[PDB]
Amino acid sequence: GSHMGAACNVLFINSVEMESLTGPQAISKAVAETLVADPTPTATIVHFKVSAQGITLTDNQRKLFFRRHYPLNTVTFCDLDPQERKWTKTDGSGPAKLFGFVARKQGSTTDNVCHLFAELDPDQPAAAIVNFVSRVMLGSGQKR
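If you want this note's numbering, it's the 1-based position in the sequence shown plus 1.
Pasting the structure below:
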């Protein structure tokens, strides 16, 4: 209904449309089409907020792009990269792990967009962002 609770920092990469792939392959078909995406998109610091199935991404870098709201209804899969790779650094020095999610908004043609993100937090790695984003949605963990 509203939007206020969680609010972390991540690095925005780019949304690479998969065209109805699956989920655990959209991260690879995106990581492989983003880490090498030539030309590569500019890495911007964004603020990842999770409020009642409502992911918010605000530009906290230097006013690069507006803010968007991706409801978890769309974010089907939100895990680290299977290729065990990292983003191409924030911008010259600064290695940051790589993680994306698959957003299936609208049940038209199962047209999903795998968005890439690099952890930009000295106290919030991409694994912790993937352990939280998955803890907020369906799951349990069992082993943690």
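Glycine included, every Cβ here is placed at the ideal spot set by N, Cα and C.
Supposed contact pair residue j and residue i - C-beta distance, whole angstroms, cut 8 Å
i	j	result
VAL131	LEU81	5 Å
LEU12	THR91	6 Å
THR41	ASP60	Wrong, their Cβ atoms sit about 18 Å apart, outside the cutoff.
Beta-carbon proximity list for residue i, same chain, < 7 Å, skipping 5 on both sides
i	result
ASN74	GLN54
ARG105	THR75, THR77, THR111 and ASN113
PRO96	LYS87 and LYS90
Candidates the options: closest to residue i by CA position
i	options	result
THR57	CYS9, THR111, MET138 and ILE14	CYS9
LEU139	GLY93, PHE78 and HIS4	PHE78
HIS116	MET19, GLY6, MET5 and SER3	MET19
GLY2	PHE49, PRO83, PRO72 and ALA119	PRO72
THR35	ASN15, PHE49 and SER52	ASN15
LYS30	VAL51, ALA44, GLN84 and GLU120	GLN84
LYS64	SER52, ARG145 and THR43	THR43
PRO25	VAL137, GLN107, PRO96 and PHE100	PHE100
Beta-ladder partner(s) of residue i, from DSSP
i	result
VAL103	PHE78 and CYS115
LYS87	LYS98
Sequence-distant residues of the same chain with beta carbon closer than 8 Å to residue i, five excluded per side
i	result
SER141	none
Only counting runs of 4 or more residues, tell me where the alpha helix (DSSP H) segments fall wholly within the stretch 6–85, in order along the chain.
27–32
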